[PDB]
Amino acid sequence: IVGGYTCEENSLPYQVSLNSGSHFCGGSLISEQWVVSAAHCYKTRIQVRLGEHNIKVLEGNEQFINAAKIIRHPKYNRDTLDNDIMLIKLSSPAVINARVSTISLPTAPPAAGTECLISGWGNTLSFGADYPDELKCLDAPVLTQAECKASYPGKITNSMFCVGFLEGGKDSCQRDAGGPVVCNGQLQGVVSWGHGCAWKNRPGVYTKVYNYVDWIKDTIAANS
């Protein structure tokens, strides 16, 4: 998160991180045994941590669970980043409480202009790198999917939409990918890609989760 601010402890009980040695992506706890992330965060072997706030200063209340299945969207395309979404099934169901909890699936597509919360432990600078330890937050509006394809000509697909500021200075960054964007209390997108971090006229591109509530639901029933 560039230009954002530090979240208060507990205020995102759904924000989850993916690990194999180090923190490489974020995630969203959507059901006791399921997490939603981006498909370019795929790794054969992932350990999902939950309830985290300071990544390198833990307290007793976090939860470490190894992924027991990692399913990427059948129509994921590595070059164009089409259908950049993926799910993770946790080997043990999460204990849901005041610091680990689920997020509702989106009941409608993201309205352009709507304010959303985007989070994750991603890089704080646009020039250079500074990966923070305390979870960061950013308040940003959905933008019209006409300015989104103006920013990135010929590279938007039916799965993507833009959030952020066209001026620049505020965005998600490397390590935020797969993390949540939550609008009016439900999960509207997964951070995916962007040319740079918070550059002028290049806002973050995110994955339209609403287009996947059917597939996400069949996948949980064919692996239960």
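Just count from 1 along the sequence shown to find any residue number. Note that the rigid core is defined as the largest set of C-alphas that superpose within 1.5 Å between two forms.
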Which stretch is less alike in 4 other deposited structures of this protein, 57-65 or 26-34, counting RMS CA distance after the rigid core is superposed?
57-65
Considering every modelled residue of the chain and its Cα B-factor in the PDB entry, is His40 in the lowest, middle or highest third?
middle
In terms of the CA temperature factor given in the entry, to which third of its chain does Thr207 belong: lowest, middle or highest?
lowest
According to the PDB entry, is the CA B factor of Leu117 in the bottom, middle or top third of its chain, that is, lowest, middle or highest?
lowest
Chain thirds by Cα B factor, record data; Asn123 belongs to the lowest
Temperature factor at the Cα of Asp176, chain-ranked in thirds, falls in the lowest
